[PDB]
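# Geometric and topological summary
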Amino acid sequence: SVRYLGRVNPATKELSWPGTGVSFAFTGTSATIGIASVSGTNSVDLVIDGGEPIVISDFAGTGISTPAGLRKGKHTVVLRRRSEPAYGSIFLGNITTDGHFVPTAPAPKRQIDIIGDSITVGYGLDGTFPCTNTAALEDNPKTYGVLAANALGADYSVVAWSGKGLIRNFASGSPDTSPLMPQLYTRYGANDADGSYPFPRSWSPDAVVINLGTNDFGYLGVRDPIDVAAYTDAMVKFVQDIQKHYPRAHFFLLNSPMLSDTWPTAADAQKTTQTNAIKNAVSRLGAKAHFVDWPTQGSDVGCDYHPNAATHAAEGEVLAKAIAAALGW
């Protein structure tokens, strides 16, 4: 029996959000993950027998098959999306084997939501600066949030979309008046109807990680600097809205490795300003809210100054310990 990873609408079987996918085991020499349709560009990790990820970004036609050369016998298969809805999605078909399916090792008891923007997606992560981001260069399985969930032995759900904010999205001259992350968080698949995620009780995060504000703080030459009070107020409201569904979860609110106190100007002090706003939100939210620092990154970066693998891995450790400390893990 196949199990779906992450938030996947069972009415569509669309791998839409980053990190979504499937896990199963079989005995035989081969398995194929059928593909009903694919749109735009995508990339996935295929992990066989817990080995090195096979990175796939071309889905010619039929489906995704296990590698040639396996020995007849038991094998495990984990497929995970590296990339995000903005570039495309994969609609899954049926999964087949040349032998038969065997039981999966039981799913983790620990569960974590990770909510954010391009940083949480894994935008540009595999890229060498300077580079143009592509679905192939995105690498959700190497992001700070996923690496933290891995360290804690937890299942996770990534809900993230590049350029998105909490109160306002990325600063463009055309006002980017499309949905904000809270609205998107109500959807099953990323392009499904508002409110289409039913919050099934089968998924009940112990921890909810929120990393938003990099886009909100952008303003130079396009719009007014951020309304800090509104950003703070919205952060409190977003958590309260999630608590309608997951009242017992602890919340982990991160500041941005891409904001600094020197850009655009020293006066803006953007990183300190965001940091204080989040701490304020944490203070208003009470004991189940937690601030988690992410120091402004160094000069080594991926595409478009996004965090590279080392920067993600370092905060993954910080976040894993912070969640563990909060939860007694």
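Moving on: the pattern of salt bridges. Scanning all chains against the criterion turns up eight salt bridges. With its nearest N and O atoms 3.0 Å apart, the salt bridge here joins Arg82 to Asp45. One end of the pair, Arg82, is in the loop between β8 (73–81) and β9 (88–97); the other, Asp45, is in strand β5 (residues 44–48), with 37 residues separating them in the sequence. A single burial state applies to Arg82 and to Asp45, both of which are buried. Residue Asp233 is joined to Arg284 by a salt bridge in which the shortest nitrogen-to-oxygen separation is 2.8 Å.

The strand order β2-β9-β4-β7 describes an open sheet built from four strands, whose pairing is antiparallel. The open sheet has two free edges, formed respectively by β2 (14–15) and β7 (63–65), since each of these has just one partner strand. Note that β2 and β9 share two bridges and pair antiparallel. Paired with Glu14 across the bridge in β9 is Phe91.

With that settled, the discussion passes to the packing of helix α5 (residues 228–243) against helix α6 (residues 270–285). Packing of α5 against α6 brings their axes to within 9 Å, and their N-to-C directions diverge by 40°. Judged on the interaxial angle alone, α6 and α5 are oblique. Handedness of the α5/α6 crossing: right-handed. On α6, the residues that touch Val228, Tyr231, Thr232, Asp233, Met235, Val236, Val239 and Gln240 of α5 are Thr273, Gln274, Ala277, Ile278, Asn280, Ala281, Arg284 and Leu285.

The periodicity of an α-helix, 3.6 residues per turn, causes residues three or four positions apart to be oriented the same way. Here α5 spans 23 Å end to end across 16 residues, near enough to the 22 Å set by a 1.5 Å rise per residue. What α5 keeps buried is the set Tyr231, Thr232, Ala234, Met235, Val236, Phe238, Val239 and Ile242. Elements that come into contact with the buried residues of α5 comprise β11 (111–116), α3 (181–184), β13 (207–211), α4 (214–217), β14 (250–254) and α6. Where α5 begins, the side chain of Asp227 points an oxygen toward the backbone nitrogen of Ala229, at a separation of 3.2 Å.

Once that is clear, we can look at the state of the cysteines. With the rule as written, the count across this model stands at one disulfide. At a sulfur-sulfur separation of 2.1 Å, the disulfide partner of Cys131 is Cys303. Its S-S torsion of approximately -110° makes the covalent link between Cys131 and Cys303 left-handed. You can see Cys131 sitting in the loop between α1 (118–121) and α2 (144–151) and its partner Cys303 sitting in the loop between β15 (289–292) and α7 (309–327), a full 172 residues away along the chain. Each member of the pair, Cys131 as well as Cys303, carries the same accessibility label: buried.

The next subject is the domain arrangement of the protein. Domain parsing of the protein yields domain 1 (1–107) and domain 2 (108–329). With 26 residues of domain 1 at the contact, the number on the domain 2 side is 32 residues. Of the roughly 2,300 Å² buried between domain 1 and domain 2 on both sides combined, carbon and sulfur atoms contribute 49%. Interface area lost by domain 1 to domain 2 is led by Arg7, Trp17 and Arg82, which between them contribute 35%. Between the two partners, domain 1 and domain 2, sit three salt bridges. A salt bridge links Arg3 to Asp155, with the shortest nitrogen-to-oxygen separation between them at 2.8 Å.

The subject of this paragraph is the sheet that holds strand β12 (residues 155–160). As summarised here, the arrangement of the five strands in space is β12-β11-β13-β14-β15, forming an open sheet in which the pairing is parallel. The sheet is open, and its two edges are formed by β12 and β15, each paired on a single side. Averaged over all pairs of adjacent strands, the angle between their axes in this sheet comes to 20°, without regard to strand direction. Both β11 and β12 contribute to a ladder of six bridges, which runs parallel. From the neighbouring strand, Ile112 faces β12, where its bridge partner is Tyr156. Where α6 meets the sheet, it contacts β14 and β15, and its direction lies at approximately 160° from that of β15.

Calculation criteria
Residues numbered from 1 in each chain as written, not as in the entry; some residues may be left out. Heavy atoms only, no water. Salt bridge = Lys/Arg side-chain N within 4 Å of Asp/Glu carboxyl O. Helix = DSSP H or I, 4+ residues; strand = E, 2+ residues; numbered from the N terminus. Buried < 20%, exposed > 50% of the residue type's maximum accessible area, 1.4 Å probe, protein only. Pairing = 2+ DSSP bridges. Axes fitted to C-alpha atoms, helices over the stretch in contact; angles between N-to-C directions. Parallel < 35°, antiparallel > 145°, perpendicular 65-115°, else oblique. Left-handed = near helix turned anticlockwise from the far one by under 90°. Contact = heavy atoms within 4.5 Å. Expected span 1.5 Å × (residues − 1). Polar contact = N/O pair within 3.5 Å; in protein donor to acceptor, adjacent residues only side chain to side chain. Disulfide = S-S within 2.5 Å. Domains from an automatic or database assignment. Buried area = accessible area lost by both parts, 1.4 Å probe.

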